[PDB]
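Below: the structure, in structure tokens.
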Amino acid sequence: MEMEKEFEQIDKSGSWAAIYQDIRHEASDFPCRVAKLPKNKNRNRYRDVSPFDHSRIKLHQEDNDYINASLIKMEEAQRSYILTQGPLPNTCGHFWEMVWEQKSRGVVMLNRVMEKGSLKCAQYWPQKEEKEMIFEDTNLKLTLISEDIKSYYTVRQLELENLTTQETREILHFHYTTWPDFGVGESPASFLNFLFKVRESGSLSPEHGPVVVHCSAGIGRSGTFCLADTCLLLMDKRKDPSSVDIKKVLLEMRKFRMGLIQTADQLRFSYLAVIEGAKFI
Ligand SMILES: [Cl-]
Ligand SMILES: [Cl-]
Ligand SMILES: [Cl-]
Ligand SMILES: [Cl-]
Ligand SMILES: [Cl-]
Ligand SMILES: [Cl-]
Ligand SMILES: [Cl-]
Ligand SMILES: [Cl-]
């Protein structure tokens, strides 16, 4: 659109770093008192990445209500997302408790469990049908029903059972497995194909709870996913689709969780994905 002209402008002038730093400087600052309580030290993967008190997801069971997760409610775009860190070995039961209580239908994972030889996330779902997972703290059972492994992502059908009530729910697990180890993708094509697969699944529909999106810290790749999805919604929905300002959308999102988009390359990649995605739609 006109967006692609502004994009070439930013590239010519080499000012992605400058735009990104303005975003960091204008971003909202809200308290994260609960996240920083001493008893929550082992529920945070990165001490530098915390949910704001006002938007944090609260667990319902009689125990510590804390999980490192934030509700991002985009009013104009009419979509909500839960952004969360990759679960830790002691928070997988909390993670699936949140999926249950928030009535999510899909989980979007944007990292490999290990990248460049380092763990980014616990193995929080079963890899084999016959070896289900029981989370004794939150009283939940999780079974792999089937999985469709494709070249750039995997979709799994998971069965989540509340062992307290014996109610069961089918959760769709969308695992984007091909984000580059370093930097961002030269092209947003496979990321966009992945987004549209998630959309096509129904998981983002308002009849469900918000999709749960995560990477390692729940702000960088996760922020890219939600930013692009929301901008593409706004471009398809607004009377004047050229009025969608990606930087403004990102600042709005950052009222709900700190640090969304962690690098100027991720910002540039987001612009690129929205540009290419808008052509498609
Ligand atoms: Cl405490
Ligand atoms: Cl919005
Ligand atoms: Cl993995
Ligand atoms: Cl494929
Ligand atoms: Cl959609
Ligand atoms: Cl990550
Ligand atoms: Cl806007
Ligand atoms: Cl930041």
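Taking region 14-28 as the search range and keeping residues that are within 16 Å of ligand 7 (Cβ to nearest atom) and farther than 12 Å from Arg254 by Cβ, which one is surrounded by the fewest Cβ atoms within 10 Å (Cβ to Cβ)? This residue is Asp22. Within region 242-256, residues that are at negative phi sit with their Cβ atoms under 8 Å from residues that are within 16 Å of ligand 8 (Cβ to nearest atom) and charged (D, E, K, R), at 6+ positions apart or across chains, in these pairs: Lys247/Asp22; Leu251/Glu26.
A search for C-beta distances below 6 Å between a residue of region 39-51 that is farther than 15 Å from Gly220 by Cα and any residue that is outside any loop (DSSP other than H, G, I, E, B) and of a type in the set (D, E, K, R), counting only pairs 6+ apart in sequence or on different chains, returns nothing.
For region 170-187, the criterion of being surrounded by fewer than 19 Cβ atoms within 10 Å (Cβ to Cβ), within 17 Å of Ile82 (Cα to Cα) and among the acidic types (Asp, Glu) is satisfied by no residue at all.
Flag set for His54, criterion: within 30 Å of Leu233 (Cα to Cα), in a loop (DSSP other than H, G, I, E, B), touching a residue at least 12 places away in the same chain (Cβ under 8 Å) and over 18 Å from the mean Cα position of the chain (by Cα).
Only residues that are away from ligand 5 (no atom under 16 Å from the Cβ) and either surrounded by 19 or more Cβ atoms within 10 Å (Cβ to Cβ) or in a helix (DSSP H, G or I) (or both) were counted in region 72-82, giving 1. Filtering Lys39, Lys12 for residues that are within 16 Å of ligand 1 (Cβ to nearest atom) and in a helix (DSSP H, G or I) leaves a single hit, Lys39.
Condition check ((1) of a type in the set (A, V, I, L, M); (2) under 30 Å from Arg43 (Cβ atoms); (3) touching a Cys at 6+ places or on another chain (Cβ under 9 Å); (4) within 16 Å of ligand 8 (Cβ to nearest atom)) across all residues:
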| site | (1), (2), (3), (4) |
| --- | --- |
| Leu192 | yes, no, no, no |
| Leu227 | yes, yes, no, yes |
| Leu234 | yes, no, no, no |
| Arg238 | no, no, no, no |
| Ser242 | no, no, no, no |
| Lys248 | no, no, no, no |
| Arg257 | no, yes, no, yes |
| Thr263 | no, yes, no, yes |
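Of the residues making up region 83-132, those that are within 16 Å of ligand 5 (Cβ to nearest atom) and among the basic types (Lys, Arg) number 1.
Of the residues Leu158, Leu192, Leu88, the single one that is in a strand (DSSP E or B), away from ligand 3 (no atom under 13 Å from the Cβ) and aliphatic (A, V, I, L, M) is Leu158. Restricting attention to region 195-223, which residues are surrounded by fewer than 18 Cβ atoms within 10 Å (Cβ to Cβ) and part of a loop (DSSP other than H, G, I, E, B)? Answer for region 195-223, where residues must be surrounded by fewer than 18 Cβ atoms within 10 Å (Cβ to Cβ) and part of a loop (DSSP other than H, G, I, E, B): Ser201, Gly202, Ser205, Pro206, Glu207, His208.
Only the coordinates and a few stated rules stand behind these numbers; no lab work does. Virtual Cβ from ideal backbone geometry, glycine too; neighbours counted across all protein chains shown.
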